[PDB]
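Let me begin by presenting the structure, written as structure tokens, before commenting on it.
Protein chains: 2
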Amino acid sequence: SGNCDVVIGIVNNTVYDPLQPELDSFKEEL
Amino acid sequence: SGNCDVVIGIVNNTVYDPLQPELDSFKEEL
Ligand SMILES: *[C@@H]1O[C@H](CO)[C@@H](O[C@@H]2O[C@H](CO)[C@@H](O)[C@H](O)[C@H]2NC(C)=O)[C@H](O)[C@H]1NC(C)=O
Ligand SMILES: *[C@@H]1O[C@H](CO)[C@@H](O[C@@H]2O[C@H](CO)[C@@H](O)[C@H](O)[C@H]2NC(C)=O)[C@H](O)[C@H]1NC(C)=O
Ligand SMILES: *[C@@H]1O[C@H](CO)[C@@H](O)[C@H](O)[C@H]1NC(C)=O
Ligand SMILES: *[C@@H]1O[C@H](CO)[C@@H](O)[C@H](O)[C@H]1NC(C)=O
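Taken in order, these protein sequences are the chains called B and C.
All residue numbers for the first sequence refer to the entry's author numbering, where the first residue is 1123 and numbers rise by one.
All residue numbers for the second sequence refer to the entry's author numbering, where the first residue is 1123 and numbers rise by one.
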């Protein structure tokens, strides 16, 4: 919701997405 | 849940899939 320029006290990190790792697992392994 | 023939007042639209375009993203990745 929104962006980083409105909230007070936001910090920097990375949010893990389960779709991409799962994707690589399917095609290469075959 | 269910289908369109039981509810009263249902309208027609399209429901966006976050996975449908992302499966095409998988196609690209391949
Ligand atoms: C969180 O990270 C962003 C970068 O993703 C930081 O944004 C930078 O802010 C400085 C100061 O205004 C700019 O000089 C940089 O150009 C910005 N980066 C980019 C990529 O534009 C942000 O300051 C970070 N916030 C904290 C609290 O560390
Ligand atoms: C919502 O859309 C569906 C089609 O997806 C409509 O169903 C049609 O209904 C008429 C009237 O009974 C039929 O002649 C058509 O054959 C139906 N379409 C299909 C593809 O079978 C439905 O009427 C729409 N509802 C509203 C409220 O607009
Ligand atoms: C929290 O308080 C410190 C002072 O202890 C201040 O430097 C900092 O900017 C404050 N952060 C926020 C989000 O208010
Ligand atoms: C809502 O009311 C209108 C009359 O103003 C009627 O034509 C319509 O069929 C009604 N719809 C439902 C879902 O009851």
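For every residue, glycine included, the Cβ atom is placed at its ideal position computed from N, Cα and C.
Where residue i sits in the DSSP three-state scheme
i, result
"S1147 of chain C", "helix"
"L1141 of chain C", "coil"
Closest by C-alpha distance to residue i, when choosing among the options
i, options, result
"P1143 of chain B", "C:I1132, C:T1136, C:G1131 and C:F1148", "C:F1148"
Pull out every residue of the region 1139–1150 of chain C whose Cβ sits closer than 7 Å to any Cβ of chain B, in chain order.
-> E1144 and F1148
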